[PDB]
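Q: Sharing a structure with you now.
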Ligand SMILES: *[C@@H]1O[C@H](CO)[C@@H](O[C@@H]2O[C@H](CO)[C@@H](O[C@@H]3O[C@H](CO)[C@@H](O)[C@H](O)[C@@H]3O)[C@H](O)[C@H]2NC(C)=O)[C@H](O)[C@H]1NC(C)=O
Ligand SMILES: *[C@@H]1O[C@H](CO)[C@@H](O[C@@H]2O[C@H](CO)[C@@H](O)[C@H](O)[C@H]2NC(C)=O)[C@H](O)[C@H]1NC(C)=O
Ligand SMILES: *[C@@H]1O[C@H](CO)[C@@H](O[C@@H]2O[C@H](CO)[C@@H](O)[C@H](O)[C@H]2NC(C)=O)[C@H](O)[C@H]1NC(C)=O
Ligand SMILES: *[C@@H]1O[C@H](CO)[C@@H](O[C@@H]2O[C@H](CO)[C@@H](O)[C@H](O)[C@H]2NC(C)=O)[C@H](O)[C@H]1NC(C)=O
Ligand SMILES: *[C@@H]1O[C@H](CO)[C@@H](O[C@@H]2O[C@H](CO)[C@@H](O)[C@H](O)[C@H]2NC(C)=O)[C@H](O)[C@H]1NC(C)=O
Ligand SMILES: *[C@@H]1O[C@H](CO)[C@@H](O[C@@H]2O[C@H](CO)[C@@H](O)[C@H](O)[C@H]2NC(C)=O)[C@H](O)[C@H]1NC(C)=O
Ligand SMILES: *[C@@H]1O[C@H](CO)[C@@H](O[C@@H]2O[C@H](CO)[C@@H](O)[C@H](O)[C@H]2NC(C)=O)[C@H](O)[C@H]1NC(C)=O
Ligand SMILES: *[C@@H]1O[C@H](CO)[C@@H](O)[C@H](O)[C@H]1NC(C)=O
Ligand SMILES: *[C@@H]1O[C@H](CO)[C@@H](O)[C@H](O)[C@H]1NC(C)=O
Ligand SMILES: *[C@@H]1O[C@H](CO)[C@@H](O)[C@H](O)[C@H]1NC(C)=O
Ligand SMILES: *[C@@H]1O[C@H](CO)[C@@H](O)[C@H](O)[C@H]1NC(C)=O
Ligand SMILES: *[C@@H]1O[C@H](CO)[C@@H](O)[C@H](O)[C@H]1NC(C)=O
C-alpha cells in the first residue's frame, strides 16, 4: 500500500517490491528508475534487482513517491520517500593571519599547512608556488613540498601570502613586511529609483545577477535602464533584492548588493 | 421573595458532550434551581437538542410565588472545527498562518459565529490569521477560540516553530586564472550556518553550476576556454523544507592566451599559369587579441615562399610549370601560433 | 316515503372475483332489501356479466309503492389490464417507465377509464408515466389504480430496481515515452463499479482502441513510430444490459528519436573530367527536428573530402584524373547519424 519512509542523509534505503518478479520501479513524474535487474537512467544513483530497489546517497532530489509494479502490473507498491536534513553545522574559522618581518638580504622560510603539497598564492592574484615546482622565477623564491623560502627579499616582497593543502580544506595566511574592489551594500526604498555606477568611461559595461540573467537584455522580468556607464532602477520592488556585478572588457568590475527596505 | 425578577438576568452556559453528542445547559447561579417538569438537578439541564426551543420552570425555595418559566435555545457547535497551520513553505521563516477547517456540517448559521485569536501579545478577530516579520528560530504559542452568541465554548492552543533561512554570505578573497584552462577561486566560509556551497560559472554565452563541500575553501576549475572571460557566483545554501540559498558573492576573471585552432574554410583557386588565390575564414577560437595569417609555399618539403597578411587573401606567382607545391596556412594571434593547415596544389604551364 | 325516493341516492360497491371472473354488487344499506324476480338476499348480488346493463328493484317494509328501479353498469374485467415496463435500456440508469395495456378489448368504451399513478411523493393521472433524475443503485416503489368512470375497480403495485451505469472516472497517474518504441501509461481504478477499461491511441493518421482487464493498472505500448505524438484516452466501462462508459481521461506524449534510414535514389552523374554531381531525396523517416546532409568522399579507402550541406546537392571538383572515388552520403537529424549510402564511381578521363 502507501507507506512513509524518512531515513537520513547518505543512507542506502531499500524499498521492497511486490512478489511475482520481475518488477518495474517508476515515479509519478515519469522518470524511469528500474526495469527488472537492468538499471535505467544512470544519472540517478540507485540499484535494482528482480523484486526490490535500493537508493544510494539520497538527498533532496529523492523526495518523491516511488511506485513498484509486478510482472503483470495488477499490484502496486507506493513509497513516499522524503529526506530530513541533518542539523546545520558551524564551520570552524581558518587560522588567523600572522605578521612576519624580514630584513634586507635575508632568506625567510614560511611553513605551509600540514599535508603535502602546499600551494602558495599572493594578494595580487598570482600563482607563486604549486608544489616543488616554482612559478614566476623573477621573484627569486623557492618552494619544497612543505614550506616557501624567499631568497634575497626585495622591498616589493611585502604583501600577503596564502598557503593551501592539496584538498584546500585548511589555510595559512602570512603578511610579509620588509624592514630596511570591495562590494558595496546599498539599501533602496521600495518604489524609488536607484543609481549604480559602473566601470570607467573606457569600454562597454556588462551586467550579471545572482539569477545569472543579464538585466540589460530585452524582455527582462524587471524594469531597468542601462547606459554605457550607469544602471538605473525604476520603481524598485521586493524582487530587486540580490547582487549585481558590472564589469567591462578591461578586467574591471564592481559588485553591488541591493537590499530593499 | 419573588422569583420572577431574581432569575430574569440569569446566564446559561451550554456544554457539548462527545460521548453522547448532547447539550447540557448550566445556570450561573450558586443556589439550587428546582423543577418539576424536567430533571434539573443541582444547576445543570441535560438532554437538549440543538436548534430547538425548550421551556423550563425556574423557582427557588427562598423566593415565593409567583413562579416563572424560561425558554432556551442551543446553537453552539464545538468540535467540527480543526486548527491547521497554513504557513507557506517558501516564507515559513517569518510568516505564520492559522486557519480553521470544518469537517462536519452543522445546522448553525455562520452569522452568529466569531473567531478570536490571542497570539502572545497580539489579539485578532478573523477566521484565518497571518503573521509577518517574525523572528526566526523562535517557538511561539497561540490560542484560538470560537464564540457563539458571545460565549466561550471552544478553545484550542497551538505551538509553532519557525524554520531556518537566510544563510551566507561567502566572502570571495580572489578569483583568477593563470593558465589557459585552469582557474583558481579562493573564498572564506560564512559565519552563519549553511550546507553545501553552490557555485556557478558563466562564460559569454554558456553557464554551468555545481556544489562544493562546506570544508574546502579553495577550488580549481578545469576545461576552460582560453582567452575567455568568466564570471563566478558562489552562495552558501542550506537545505530546509525549502532550500534557502542566501546572498551570493560574484567575481570575474579572464583566462590567459593559448595557441588557436586550425584555420577554417581553406579555399584555393587557380587563375593564371602560376598564380593561385588562397583565402580562408578566421578560426572559431581566436585565443588572441590580434589577427594575422601566415601562408608558406614549399616544394619537395623545402620552404621557398613565406607571406603574412592581416587578412586571409594571398596570391602566389612566379612558380614552375606543372609543379605540385604545398601551401601551409596558419594563424598567429601574436603570442602562440596555431597549428598549420596544409594543402597540395599544382600549377599550369607556359603557352 | 316511497321506496323510489328513499333509495334514490343508493350507492353500489363492486367486488371482482378472478376464479369466476365475475363482479358482485353490494348495496351500501343497513336494512335488508328484498327483490321480486332476482334473488337479492342480504345486500349482495352475484353472477353479473361485465359491460351489460342490469335492472334491479329495491324495496323495504318501511316504504310503499313505487319500488326503486336501479340500473347498474358492470365494469370490464380486471385481468384485461396489464402493467408494462416501458423503460429504455439506454436510459435505464436514470429513467423508469410504466404503462397500462389492454390486450383484450371489451364492449365497454375506453372514454371513461382513468389511470392514476403514484411513485413516492409524485401523483399523476396518465396512461403512461415516466420518471427521470434517478440515482443509480436504488430501488423504487410505485402503485396505481384503474377507475371505471371515476370509480375504482383495479389496483396494482410494482417495484423497479435502477440498473447500474455511468462508471468512472479513472485518473491517469502518468504517461510517458522514455524509449524509441516503448511508452508507459499508468492510471488509477475508478471508485464506482466497473468491469474493464478501454484505451484509444490516436496519431496524425489512425486511431486504434484496445480493451484491458480491471486488474491491470499499467500498460506498455510497443511498436510505435519514433518521434511521433500520440493522444491516449482511457475510460472504464461496465457491461450492463447496454455497455456504460463514463467520462474519459485524456493525455498526450511523444516518443524519442532514432537514427534515420538511408537516403533514396542517390543519383551520381558526371560533370567534367574532375567534377561530379551528387543528389538524393530526403529519407522517408526524418526522425528528428533538424535536416542536414553529410557527404564523405574517399579515394583508395582513405577519406579525402568531408562536406555538410542543408540539401542533397554536392559538387566534387578538383579531383584526380583516372582514379576511383567512393561517395558516402547520409542524412543527419541533429541527434543521431543515419546509415550512410555508399556508391563508387571511376573518373574515367585522360587529361
Ligand atoms: C625584485 O623583484 C623584481 C620583480 O618584482 C625584480 O626586478 C624587476 O622585475 C621586473 C618585473 O618582472 C622586471 O621587469 C621586466 O622583467 C623582464 C626582464 O627582466 C621582462 O619581462 C620585461 O622586459 C621587464 O623588464 C625588471 O627587469 C626587474 N629588474 C631587475 C633589475 O631585475 C628583482 O629581481 C627583485 N630583486 C631586486 C633586488 O630588485
Ligand atoms: C551504498 O552502496 C553503495 C554501493 O556499494 C556505496 O557507494 C559506492 O558505490 C560504488 C559503486 O558501486 C562502490 O564502488 C563504492 O565502494 C561505494 N562506496 C563505499 C564507500 O563503499 C555506498 O557507500 C553505500 N552506502 C552506505 C551508507 O553503506
Ligand atoms: C529491461 O531489462 C531486461 C533484462 O532484465 C532487458 O532485456 C530484456 O530481457 C527480457 C527478459 O528479462 C527479454 O525477454 C527481452 O528480450 C530483453 N530485451 C528487450 C525487452 O529489448 C530489457 O531490454 C530492459 N528493458 C525493457 C524495456 O524491457
Ligand atoms: C544528490 O544525489 C544525486 C544522486 O544521483 C547525486 O548525483 C547527481 O544527481 C544530479 C541530480 O539528479 C544529476 O544531475 C547528476 O548527474 C548526478 N551525478 C553527479 C555525479 O553529479 C548528486 O550529486 C547529489 N547532490 C548533492 C550531494 O548535492
Ligand atoms: C527482495 O525482498 C524480498 C522481501 O524481503 C526478499 O525475499 C525474502 O526477504 C527476507 C527478508 O527478511 C529474507 O529473509 C528472505 O531470505 C528472502 N527470500 C528470498 C527467497 O530471497 C528477497 O530476497 C529480496 N531480493 C530479491 C532479489 O528478490
Ligand atoms: C639565500 O639563498 C641563496 C640561494 O641559495 C644563497 O645564495 C647562494 O649561496 C651559496 C652558499 O650558501 C653560494 O654558493 C651561491 O653562489 C649563492 N648564490 C648566488 C646566486 O649568489 C644565499 O646565500 C642565501 N642567503 C642567506 C642569508 O642565507
Ligand atoms: C482550553 O481552555 C481550557 C480551560 O478552559 C484549558 O484547560 C486547561 O489546560 C491547562 C494546560 O493548558 C491545564 O493545566 C488545566 O488543568 C486545564 N483546565 C483548566 C480548568 O484550566 C485547555 O488547555 C485549553 N485548550 C484546549 C485545547 O482544550
Ligand atoms: C516517517 O516519519 C513520519 C512522521 O509523521 C512517521 O509517521 C512515519 O512512520 C515515518 N516512517 C518510517 C520511520 O518509516
Ligand atoms: C554536503 O556535501 C558533502 C559532500 O558530499 C556531504 O559530506 C555533506 O553531508 C553534505 N551536507 C549536508 C548538510 O547534506
Ligand atoms: C536556490 O537553488 C535552488 C536549487 O538549484 C533553486 O531551485 C532555487 O531557485 C534557488 N533560489 C531560491 C530562492 O530558492
Ligand atoms: C614570413 O614573413 C613574415 C613577414 O611577411 C615574417 O614576419 C615571418 O617571420 C616570416 N616567416 C614565417 C615562418 O612566418
Ligand atoms: C460506450 O458504450 C456504448 C454503448 O453504451 C458503445 O456504443 C461505445 O462504443 C462505447 N464507447 C467506447 C467503447 O469507447
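Heads up, chain C uses Swiss-Prot numbers, so what you see runs 226-576.
Header entry for method reads electron microscopy, 3.8 Å.
Cβ from N, Cα, C; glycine included.
In case it helps, Swiss-Prot gives these features for our protein:
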type	residues	note
CARBOHYD	C:234	N-linked glycosylation site
CARBOHYD	C:262	N-linked glycosylation site
CARBOHYD	C:272	N-linked glycosylation site
CARBOHYD	C:278	N-linked glycosylation site
CARBOHYD	C:286	N-linked glycosylation site
CARBOHYD	C:337	N-linked glycosylation site
CARBOHYD	C:380	N-linked glycosylation site
DOMAIN	C:391-483	domain 'Fibronectin type-III 1'
CARBOHYD	C:421	N-linked glycosylation site
CARBOHYD	C:470	N-linked glycosylation site
DOMAIN	C:484-576	domain 'Fibronectin type-III 2'
CARBOHYD	C:490	N-linked glycosylation site
CARBOHYD	C:531	N-linked glycosylation site
Q: Pick from C:262, C:278, C:421: which of these glycosylation sites has the biggest number of other Cβ atoms within 10 Å of its Cβ?
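A: Of the glycosylation sites C:262, C:278, C:421, the most buried by Cβ count within 10 Å is C:421.
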Q: Could you tell me which of these glycosylation sites, C:234, C:272, C:337, C:470, C:531, has the fewest other Cβ atoms within 10 Å of its Cβ?
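A: With the glycosylation sites C:234, C:272, C:337, C:470, C:531, fewest surrounding Cβ atoms within 10 Å: C:234.
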Q: Could you count the residues of the domain 'Fibronectin type-III 1' (C:391-483) that DSSP puts in helix, in strand and in coil?
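A: Taking the domain 'Fibronectin type-III 1' (C:391-483) as a whole: 0 helix, 50 strand, 43 coil.
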Q: In the domain 'Fibronectin type-III 2' (C:484-576), how many residues does DSSP assign to helix, to strand and to coil?
A: 0 helix, 43 strand, 50 coil
Q: When you measure from each Cβ to the nearest atom of ligand 12, which of the glycosylation sites C:234, C:272, C:278, C:286, C:337, C:470 fall under 6 angstroms?
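A: If the test is a Cβ under 6 Å from any atom of ligand 12, the answer is C:470.
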Q: Output, ordered by sequence, the same-chain residues six or more apart from residue C:380 (N-linked glycosylation site) with a CB under 8 Å from its CB, or 'none'.
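A: Spatial neighbours, sequence-distant, of residue C:380 (N-linked glycosylation site): C:368, C:369, C:370, C:371.
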Q: Please report the distance from the Cα of residue C:278 (N-linked glycosylation site) to the Cα of residue C:286 (N-linked glycosylation site), rounded to the nearest angstrom.
A: 27
Q: Measuring CB to CB from residue C:490 (N-linked glycosylation site), give everything in the same chain under 8 Å that is also at least six residues away in sequence.
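A: Looking at Cβ-Cβ distances below 8 Å from residue C:490 (N-linked glycosylation site), excluding near sequence neighbours, one finds C:505, C:506.
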Q: Spatially speaking, which of the glycosylation sites C:272, C:286, C:337, C:421 is closest to residue C:234 (N-linked glycosylation site)? Use C-alpha to C-alpha, please.
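A: Checking each of C:272, C:286, C:337, C:421 against residue C:234 (N-linked glycosylation site), the shortest Cα distance is to C:286.
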Q: Can you give me the Cα-Cα distance between residue C:470 (N-linked glycosylation site) and residue C:421 (N-linked glycosylation site) in Å, rounded to a whole number?
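A: That separation, Cα to Cα, works out to 10 Å.
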Q: How big is the Cα-to-Cα gap, in Å, between residue C:286 (N-linked glycosylation site) and residue C:531 (N-linked glycosylation site)?
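A: Per the Cα atoms, residue C:286 (N-linked glycosylation site) and residue C:531 (N-linked glycosylation site) stand 136 Å apart.
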Q: Please report the distance from the Cα of residue C:421 (N-linked glycosylation site) to the Cα of residue C:337 (N-linked glycosylation site), rounded to the nearest angstrom.
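A: On Cα coordinates alone, these residues lie 52 Å apart.
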Q: Which of the glycosylation sites C:262, C:337, C:531 has its Cα nearest to the Cα of residue C:272 (N-linked glycosylation site)?
A: C:262
Q: Using all protein chains in view, find how many other C-beta atoms are within 10 Å of the C-beta of residue C:286 (N-linked glycosylation site).
A: 9
Q: Pop the Cα-Cα gap between residue C:262 (N-linked glycosylation site) and residue C:337 (N-linked glycosylation site) into the table, whole Å please.
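A: Each residue's Cα considered, residue C:337 (N-linked glycosylation site) and residue C:262 (N-linked glycosylation site) end up 31 Å apart.
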